[PDB]
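Asks: Chains as they are written, first to last, in our numbering: chain A, 909 to 985; chain B, 5 to 519; chain C, 5 to 519.
The beta-carbon is built from N, C-alpha and C at its ideal position, and this holds for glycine as well.
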Amino acid sequence: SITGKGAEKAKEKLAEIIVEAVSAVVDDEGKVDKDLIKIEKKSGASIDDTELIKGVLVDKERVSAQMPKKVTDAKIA
Amino acid sequence: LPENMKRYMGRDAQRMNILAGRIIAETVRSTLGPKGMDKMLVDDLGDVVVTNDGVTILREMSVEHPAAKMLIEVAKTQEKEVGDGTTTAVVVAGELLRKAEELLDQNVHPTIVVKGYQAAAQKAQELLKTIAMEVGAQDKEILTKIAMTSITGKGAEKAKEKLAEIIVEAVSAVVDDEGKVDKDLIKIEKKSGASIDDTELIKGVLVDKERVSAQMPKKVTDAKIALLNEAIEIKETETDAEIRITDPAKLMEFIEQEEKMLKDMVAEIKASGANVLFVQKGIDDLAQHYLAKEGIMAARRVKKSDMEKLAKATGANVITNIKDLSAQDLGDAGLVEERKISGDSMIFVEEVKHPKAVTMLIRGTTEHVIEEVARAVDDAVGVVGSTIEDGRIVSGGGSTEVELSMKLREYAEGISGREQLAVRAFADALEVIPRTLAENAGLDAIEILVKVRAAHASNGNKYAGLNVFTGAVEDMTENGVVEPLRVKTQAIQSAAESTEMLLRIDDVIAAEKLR
Amino acid sequence: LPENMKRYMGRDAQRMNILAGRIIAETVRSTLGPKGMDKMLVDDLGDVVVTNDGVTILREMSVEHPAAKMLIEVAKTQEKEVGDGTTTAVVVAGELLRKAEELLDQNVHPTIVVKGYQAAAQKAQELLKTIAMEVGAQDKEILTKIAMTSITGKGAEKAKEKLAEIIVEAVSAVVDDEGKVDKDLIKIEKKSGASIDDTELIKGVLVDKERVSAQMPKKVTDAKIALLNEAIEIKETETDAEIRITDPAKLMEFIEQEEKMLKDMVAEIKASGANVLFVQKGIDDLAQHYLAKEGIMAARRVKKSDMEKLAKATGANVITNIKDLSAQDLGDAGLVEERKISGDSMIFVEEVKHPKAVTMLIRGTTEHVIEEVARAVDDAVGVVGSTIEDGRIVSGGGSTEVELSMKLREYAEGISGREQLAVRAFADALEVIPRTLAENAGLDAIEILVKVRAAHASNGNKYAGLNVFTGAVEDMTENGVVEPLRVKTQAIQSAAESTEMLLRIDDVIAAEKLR
C-alpha cells in the first residue's frame with residue numbers, strides 16, 4: 909500500500925512500525941479500532957527518524973514559559 | 005471523446021507546468037557566480053530592491069503560476085538550511101525541464117525520464133563524495149577561502165578578505181561540544197554610514213532602540229535584565245466600569261491615585277532587583293518618569309525578534325505579566341550600554357551570560373549594498389558552517405559541474421535500458437552552470453565549456469575551471485576557489501527532486517479551499 | 005522558446021533602464037555652472053518652484069520610472085556630503101549611459117563596459133590627486149573664492165562677495181579641535197523684505213514664532229529657557245471619567261478647581277526658574293494668562309526641529325513631563341527677544357551658551373531668489389567646509405574635466421584588452437561638462453571645447469578653462485574660479501557607480517510588498 913507514495917527509501921521500516929501499531933489495538937472481539945492510532949507529521953530530519961510514540965502528541969507550547977517544561981506522574985485536565 | 009479530451013488538456017497542462025518552471029529558472033539564471041548580474045525588483049507601491057542573490061528574488065517575486073510556486077518550494081527547501089546553493093539548483097532544474105520536453109516529444113514516458121534522472125542524480129552524489137577534499141574544522145585558512153569564494157562579487161571587494169576572516173571567526177565561536185554549528189546563534193545586524201571597512205564583530209546581542217527616557221542611564225554594568233511582553237500602562241478593569249466625581253477635591257485624587265499605581269508598578273519591578281528593562285509594547289509617559297527616577301534603563305515598543313534573542317542570550321525569561329517577574333526570571337549581562345554610532349544610536353548588550361550569542365555589525369556607505377552585503381554574509385555563514393560540520397569541500401568555479409557532466413556521460417554509456425536517454429540529458433544539463441558562469445564574465449560560453457571539458461578529459465584535472473579574473477582555465481583549488489560538499493549535494497538533490505515533481509504531474513485540477 | 009523569450013524581455017528592460025536614466029540626466033543638464041538655466045517645477049496643487057539647484061529638482065521631481073529612482077539614489081548619496089557635485093555626477097552618468105548603448109550594440113558585454121568604466125574612474129581619481137592644489141585650512145581668502153565660485157549664478161550677483169565672507173566666517177566658527185566641520189551647528193534661515201545686503205550672521209539660534217500671549221514680555225535678558233515636549237492642559241483621568249454636578253454652587257467650584265490646576269502647572273514651571281518657555285505642543289488659553297502674569301515669555305506648537313536646535317544651543321534638555329522639569333534642565337541665553345522683521349516677526353535667541361551655534365539670516369526682496377540663495381548658501385557651507393577638512397582644491401570652470409578627458413584618452417591607448425573601448429568612452433563622456441558650460445553661456449559649445457583642448461595641449465596649462473564673463477579661455481586659478489577636490493572625486497565616483505548599477509541590471513522583475 910505504501911509503494912509509490914513517496915517513502916521509497918525505507919519502505920519496510922515504516923511498514924514494520926505500522927504493523928506494530930495496528931497489532932497493538934486489536935480488541936478482545938478481534939476487531940481493529942482505528943481511532944486509537946494517530947498519524948502526525950513534522951518537518952526536519954528524515955523519514956528514517958520516523959518513530960512510534962507510546963502516547964499522544966500535541967503540537968502546542970506551554971502557554972507561559974514560567975510553567976514546568978517537564979511533568980512526571982501527570983494528572984491531566 | 006470525453007476521456008481522450010482530458011488527455012489533451014492534461015498533456016498540455018503538464019507542458020504548461022514545465023514552461024512555467026523553465027521561466028522561473030531563467031529569471032534567476034544570470035545571477036550565478038562572481039560576475040553574476042543583479043535583478044531589479046519593483047512592487048505595486050513603486051519602491052525597489054536590486055540584488056544578485058537568487059534566493060531573495062525567488063522569495064520576493066510576484067510568481068502566479070502553481071507549477072512555479074511548487075518548483076520554487078521544492079528546490080528552496082533543503083535538509084540543512086545552512087548554506088545556499090538553491091539558486092544553482094533551480095537553474096539546473098530548469099535545464100533538466102528543457103531536456104525532458106524533448107524526451108517527452110520523443111515518446112519517452114515521464115516515469116522513464118524520472119528513472120534516468122534519479123539514476124543520474126544518485127551517481128552524481130557518489131562522484132561528489134569521491135572528488136571531495138577533506139579539511140580540518142579547526143583549519144582557519146580553508147574556512148577563509150570558503151567565505152571569500154561565497155562573498156566574491158557581492159560588492160565588498162577591498163573588504164573581502166577582512167570580512168571573510170570576521171565571518172570565520174564568528175562561525176568558529178558557535179561550534180558546540182557536539183561539533184555542530186547553530187546558525188541562529190550568529191546574528192547579522194546592519195546600519196549605514198561610515199564604511200564597510202568599519203564592519204565589526206560584537207561579543208553580545210545587539211538591539212536597535214533608544215532608551216525610552218533620556219533621564220535613564222545610558223550605561224548599566226552588572227545588569228540584571230527583565231524582559232516584559234506586556235505594556236506598562238494604567239490598568240483598565242475588563243468589567244467595563246466608568247467613574248463619577250461628585251467633589252472637586254476628588255478630581256485630583258483620581259489623577260494622583262493612578263499616579264500611585266504607576267509608582268507601584270515600577271516599585272514591583274525594582275523589587276525584583278532589575279537594572280535594565282526591555283518591553284515589546286509601550287510605556288506610559290508617566291511610568292517612564294518613575295522608571296528613570298528609580299534608575300532603570302528601559303526601552304518601549306521593542307520588536308519581538310529582539311525580545312527572543314535577548315531572552316536566549318542573557319538567560320532571562322520572556323514574561324507576559326508583571327506579577328510573573330521574579331529575580332530568577334532576570335537575565336544577566338556584564339554591560340548594557342546605549343552607544344552612539346556614526347548614523348544613530350543603539351543599545352548594546354555585551355559580556356552576556358551565555359557565550360553563544362554573537363553579532364555581526366555590517367557598516368557601509370549606501371544602504372542598497374548594505375542589504376546586499378548583509379544577504380551575502382548569511383550565505384557565507386551557511387557555507388562555512390557546513391564546512392565545519394562536514395569537513396569536505398570541492399573545487400568551485402564550475403569545475404565540479406564539468407567533471408560530473410563528463411563522468412555522467414561515461415556512466416550513461418554503461419546503462420543498458422531505455423532510460424539511457426535521460427541520463428545523458430541529466431549529464432548535459434549540469435553544463436549550464438559553467439556556461440552561465442563563462443557568459444556572465446563577458447566571454448564566449450561555448451569555447452570556455454570546450455576548454456574546460458578538455459582539461460577534464462583523459463585523466464585530467466578535476467579542479468580545473470575558468471578563472472574569470474585571468475580569463476584562462478586554471479586549477480580552482482590552487483586559486484583557492486572552493487565550496488562545501490554539502491552545497492553541491494543539496495543542489496543536485498533539490499534540482500532533481502523539483503524537476504521530478506513537475507515531471508510527475510500530469511493534470512492540474514481546480515480545487516475548493518485547500519488550506 | 006520560453007527562456008530565449010526572457011532574454012529579449014530583459015534586453016528591452018535594460019535598454020529602457022538606460023533610456024530612463026538618460027532622460028533624468030537631460031532633465032537637469034542645463035542647470036550646471038554660473039550661467040545655468042533654471043527649471044519651473046509645478047505640482048497638482050498648482051503652486052510652483054523655480055530653481056537652478058539640480059539637487060532640488062532631482063529631489064522634488066515626479067519620477068515614475070524605477071530605474072530613474074535608483075540612478076537618483078546612487079548618485080545623490082555620497083560620502084562626506086559636499087552637495088554641489090551631485091548634478092554633475094548625474095549629467096556625466098547620462099553621458100556614460102549613452103556611450104554604453106553603442107558599446108552594447110557593438111556586442112561589448114556589460115561587465116566589460118563596467119570594467120572599462122571602473123578602470124577609467126580610478127585613473128581619474130588618481131589624476132585629480134596630482135592636479136589638485138593644497139591650501140591652508142586657515143586660509144580665508146581662498147575659502148572666499150571657494151564660496152564665490154559656488155554661489156555664482158544663483159541670483160546674489162550684486163552681494164556675492166559680501167555674502168561669501170559671511171559664509172566663510174559662519175563655517176569657520178564651527179570647526180572643532182579635531183578639525184572637522186559640524187554642519188548641524190550652522191542653521192540657515194530666510195525671511196523676506198529688505199535686501200540681500202541686509203543678510204546678517206547671528207551668534208545664536210533663531211526661531212520663527214510669536215509669543216503665545218501678547219501680554220508676555222517681548223524682550224528677556226539673561227534668560228533661563230525651558231523646553232517642554234508636553235502640552236499644558238487639564239490632565240484627563242486615563243480611566244475615562246465623567247462628572248455630575250448636583251449643586252449649583254459646585255458648578256463654579258469645579259471650574260475654579262481646574263483654574264487651580266493650571267496655576268499649579270505654571271507654578272511648577274516658574275519653580276524651575278524659567279524666564280522663557282518653548283513648548284512643542286499647545287498651551288491652554290488660561291495657562292497663557294497665568295504664564296503672562298508670572299512674566300514668562302512662551303511660545304506654543306513649536307516645531308520639533310526647533311526644539312532640538314534650541315536644546316543644543318542653550319544647553320537646555322527637552323523635557324517630556326512637567327515633573328521632570330528642573331532648574332538644572334534649563335538653558336542659558338544672554339538675550340531672547342521677539343523682534344519684527346520686514347513683514348512678520350520671530351523670536352531671536354542671541355548671546356547663547358554654546359559658542360559654536362550660528363545662524364545665517366538671508367534677506368531679499370523676492371522669495372524665489374530668497375529660497376534660491378538659501379539653497380545656494382547651504383551648498384556653499386558644504387563646499388567651504390570640505391575645503392577646510394581636505395585642504396585641497398582644483399580649478400573650476402570645466403578645466404578639470406578637459407584635462408581628465410585628454411589624459412584618459414592618453415591612458416586608453418595604453419590599455420591592452422577589450423575594456424579600452426569603454427575607457428575611451430568614459431574619457432569622451434567628461435567633455436559633456438565644459439560643453440554644457442559653454443552652451444549655457446550663449447556660445448558655440450564645440451569651438452569652446454576645442455579651444456580648451458588646445459590650451460591643454462603640450463605641457464600647456466592644466467588650469468585653462470572658459471571664463472564665461474570674458475568669453476575667452478583663461479587660467480581659472482588666476483581668475484579665482486576654484487572648487488574643492490573632494491567634490492570632483494565624489495562626482496566622478498557617483499557618476500561611475502550609478503551607471504555601473506544600470507549596466508549590471510539585465511532584467512526588471514515584478515514583486516509584491518517589497519518593503
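1. Got a sec: is the Cβ-Cβ distance from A973 of chain A to anything in chain B below 8 angstroms?
2. Taking only three categories from DSSP, how would you classify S399 of chain B?
3. Between the C-alpha atoms of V406 of chain C and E312 of chain C, what's the straight-line distance to the nearest angstrom?
4. Taking 8 angstroms as the cut-off, decide whether the C-beta atoms of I192 of chain B and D382 of chain B are in contact.
5. Nearest chain A C-beta to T324 of chain B closer than 8 angstroms, yes or no?
6. Would the beta-carbon of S399 of chain C fall within 8 angstroms of that of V456 of chain C?
7. For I300 of chain B, which residues in the same chain have their Cβ closer than 8 angstroms to its Cβ, ignoring the five residues on either side in sequence?
8. List, in chain order, every chain C residue whose beta-carbon is nearer than 7 angstroms to that of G446 of chain B.
9. Going by the CB atoms, is the gap between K158 of chain C and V385 of chain C shorter than 8 angstroms?
10. I'd like the list of long-range same chain contacts for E165 of chain C, defined as Cβ closer than 7 angstroms, with 5 residues on each side in sequence excluded.
11. Kindly list, in the order they appear in chain C, the residues whose Cβ is closer than 7 angstroms to that of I61 of chain B.
12. Quick check on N8 of chain C: buried or exposed, where buried means 16 or more other Cβ atoms within 10 Å of its Cβ?
13. When burial is assigned at 16 or more other CB atoms within 10 Å of the CB, is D448 of chain C buried or exposed?
14. Return the residues of the stretch 328-350 of chain B that lie within a Cβ-Cβ distance of less than 9 angstroms from chain A, sorted by chain order.
15. Within the present structure, is the beta-carbon of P38 of chain B separated from the nearest heavy atom of the ligand HEM by less than 7 angstroms?
16. Curious, which full-length alpha helix (DSSP H) runs of at least 4 residues does the stretch 384-440 of chain B contain?
17. Assess contact between the stretch 326-333 of chain B and the stretch 303-312 of chain B, defined as three or more Cβ pairs (one per stretch) separated by less than 8 angstroms. Is contact present?
18. So what's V934 of chain A in DSSP terms, helix, strand or just coil?
19. Under DSSP, the beta strand (DSSP E) around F282 of chain B begins and ends at which residues?
20. Taking 8 angstroms as the cut-off, does the stretch 204-212 of chain C touch the stretch 235-255 of chain C (at least 3 CB pairs, one atom from each stretch)?
21. Whole angstroms is fine: what's the gap from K978 of chain A's alpha carbon to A445 of chain B's?
22. Please identify the residue among C:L189, C:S199, C:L412 whose C-alpha is closest to the C-alpha of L167 of chain C.
23. I want to know whether the stretch 169-188 of chain B touches the stretch 138-155 of chain B - three or more CB-CB distances under 8 angstroms.
24. Check whether the stretch 479-496 of chain B touches the stretch 414-427 of chain B, taking contact to mean three or more Cβ pairs, one atom from each stretch, closer than 8 angstroms.
25. What are the residues of the stretch 61-81 of chain B that lie near chain C, defined by any Cβ-Cβ distance shorter than 7 angstroms?
26. If you follow the beta strand (DSSP E) that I238 of chain C is in, where does it begin and where does it stop?
27. Flag this pair as yes or no: are the beta carbons of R26 of chain C and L132 of chain C separated by less than 8 angstroms?
28. Measure the C-alpha to C-alpha separation of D42 of chain B and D188 of chain C and round it to an integer number of angstroms.
29. Skipping 5 residues on each side, what residues in its chain have a beta carbon closer than 7 angstroms to that of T91 of chain B?
30. Under DSSP, the beta strand (DSSP E) around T363 of chain C begins and ends at which residues?
31. If the criterion is Cβ atoms closer than 8 angstroms, does the pair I236 of chain B and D289 of chain B meet it?
32. So with Cβ pairs under 8 angstroms, would you call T241 of chain C a contact of chain B?
33. Quick check on the DSSP output: what are the complete alpha helix (DSSP H) runs of length 4 or more inside the stretch 138-206 of chain B, in order along the chain?
34. Please compile the residues from chain C whose C-beta is within a distance smaller than 8 angstroms of the C-beta of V53 of chain B.
35. Against chain B, with Cβ distances strictly below 8 angstroms, would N321 of chain C count as a contact?
36. For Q122 of chain C, would you say it is in contact with chain B, using Cβ-to-Cβ distances shorter than 8 angstroms as the test?
Replies: Checking against the coordinates, here is how it stands:
1. Taking the first sequence and counting its residues from 1, one reaches residue 973 of chain A at position 65. Yes - at least one Cβ of chain B is within 8 angstroms of the one on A973 of chain A.
2. Translated into positions along the second sequence, residue 399 of chain B becomes position 395. Strand.
3. Numbered from 1 along the third sequence, position 402 holds the residue referred to as residue 406 of chain C. Numbered from 1 along the third sequence, position 308 holds the residue referred to as residue 312 of chain C. About 45 angstroms.
4. For this step, residue 192 of chain B is matched to residue 188 along the second sequence. For this step, residue 382 of chain B is matched to residue 378 along the second sequence. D382 of chain B is positioned such that its CB atom lies closer than 8 angstroms to that of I192 of chain B.
5. Taking the first residue of the second sequence as 1, we reach residue 324 of chain B at position 320. Judged by the 8 angstroms Cβ criterion, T324 of chain B is in contact with chain A.
6. Residue 399 of chain C sits at position 395 when you count from the first residue of the third sequence. Residue 456 of chain C sits at position 452 when you count from the first residue of the third sequence. Not in contact: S399 of chain C and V456 of chain C (Cβ atoms no closer than 8 angstroms).
7. Working through the second sequence from its first residue, we reach residue 300 of chain B at position 296. Taken in chain order, the residues that qualify are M220, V270, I273, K274, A278, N279, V280, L281.
8. Reading the second sequence from its first residue, position 442 is the one you call residue 446 of chain B. Result: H113, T115, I116.
9. What you label residue 385 of chain C is simply residue 381 of the third sequence in a count that begins at 1. What you label residue 158 of chain C is simply residue 154 of the third sequence in a count that begins at 1. Result no, Cβ atoms of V385 of chain C and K158 of chain C do not sit closer than 8 angstroms.
10. Position 161 of the third sequence, counted from the start, is the residue given in the question as residue 165 of chain C. Result list for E165 of chain C: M152, in chain order.
11. Walking along the second sequence from the start, residue 61 of chain B turns up at place 57. Residues of chain C passing the Cβ test: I513.
12. Position 4 of the third sequence holds residue 8 of chain C. The residue in question, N8 of chain C, is exposed, as its Cβ has fewer than 16 Cβ neighbours within 10 Å.
13. Along the third sequence, read from residue 1 onward, the residue named residue 448 of chain C stands at position 444. Exposed: under 16 other Cβ atoms inside 10 Å.
14. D328, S330, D333
15. Absence of the ligand HEM is noted for the structure shown, with no ligands found whatsoever.
16. 403-418, 424-434
17. No, because fewer than three Cβ pairs between the stretch 326-333 of chain B and the stretch 303-312 of chain B fall closer than 8 angstroms, the two stretches do not touch.
18. Taking the first sequence and counting its residues from 1, the one referred to as residue 934 of chain A is at position 26. Residue state, collapsed to three classes: strand.
19. In the second sequence, residue 282 of chain B corresponds to position 278, counting from 1. Its beta strand (DSSP E) spans residues 280-283.
20. no
21. Numbered from 1 along the first sequence, position 70 holds the residue referred to as residue 978 of chain A. Numbered from 1 along the second sequence, position 441 holds the residue referred to as residue 445 of chain B. So the two alpha carbons sit approximately 58 angstroms from each other.
22. Here residue 167 of chain C corresponds to residue number 163 of the third sequence, with the count starting at 1. Of the candidates C:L189, C:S199, C:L412, the one whose C-alpha sits nearest the C-alpha of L167 of chain C is C:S199.
23. yes
24. no
25. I61, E64, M65, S66
26. The residue given as residue 238 of chain C occupies position 234 in the third sequence. Careful: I238 of chain C lies outside any beta strand (DSSP E) and carries neither H nor E.
27. The sequence position of residue 26 of chain C within the third sequence is 22, counting from 1. The sequence position of residue 132 of chain C within the third sequence is 128, counting from 1. No. Outside cutoff.
28. To locate residue 42 of chain B, count along the second sequence from 1; it is residue 38. To locate residue 188 of chain C, count along the third sequence from 1; it is residue 184. Whole-angstrom Cα-Cα distance: 37 angstroms.
29. Stepping through the second sequence from its first residue, residue 91 of chain B is reached at position 87. Result list for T91 of chain B: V32, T35, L36, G58, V59, in chain order.
30. In the third sequence, residue 363 of chain C corresponds to position 359, counting from 1. It spans 362-366 - the beta strand (DSSP E) in which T363 of chain C sits, taken as one unbroken run.
31. One-based indexing of the second sequence puts residue 236 of chain B at position 232. One-based indexing of the second sequence puts residue 289 of chain B at position 285. No; because the gap between Cβ atoms is not below 8 angstroms, this pair is not in contact.
32. The count along the third sequence starts at 1 and reaches residue 241 of chain C at position 237. Yes - at least one Cβ of chain B is within 8 angstroms of the one on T241 of chain C.
33. 144-155, 164-177
34. The residue given as residue 53 of chain B occupies position 49 in the second sequence. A515, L518, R519, listed in chain order.
35. By 1-based counting over the third sequence, the position of residue 321 of chain C is 317. Using a CB distance cut-off of 8 angstroms, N321 of chain C counts as an interface residue toward chain B.
36. Position 118 of the third sequence holds residue 122 of chain C. Chain B, which has no Cβ nearer than 8 angstroms to the Cβ of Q122 of chain C, makes this no.
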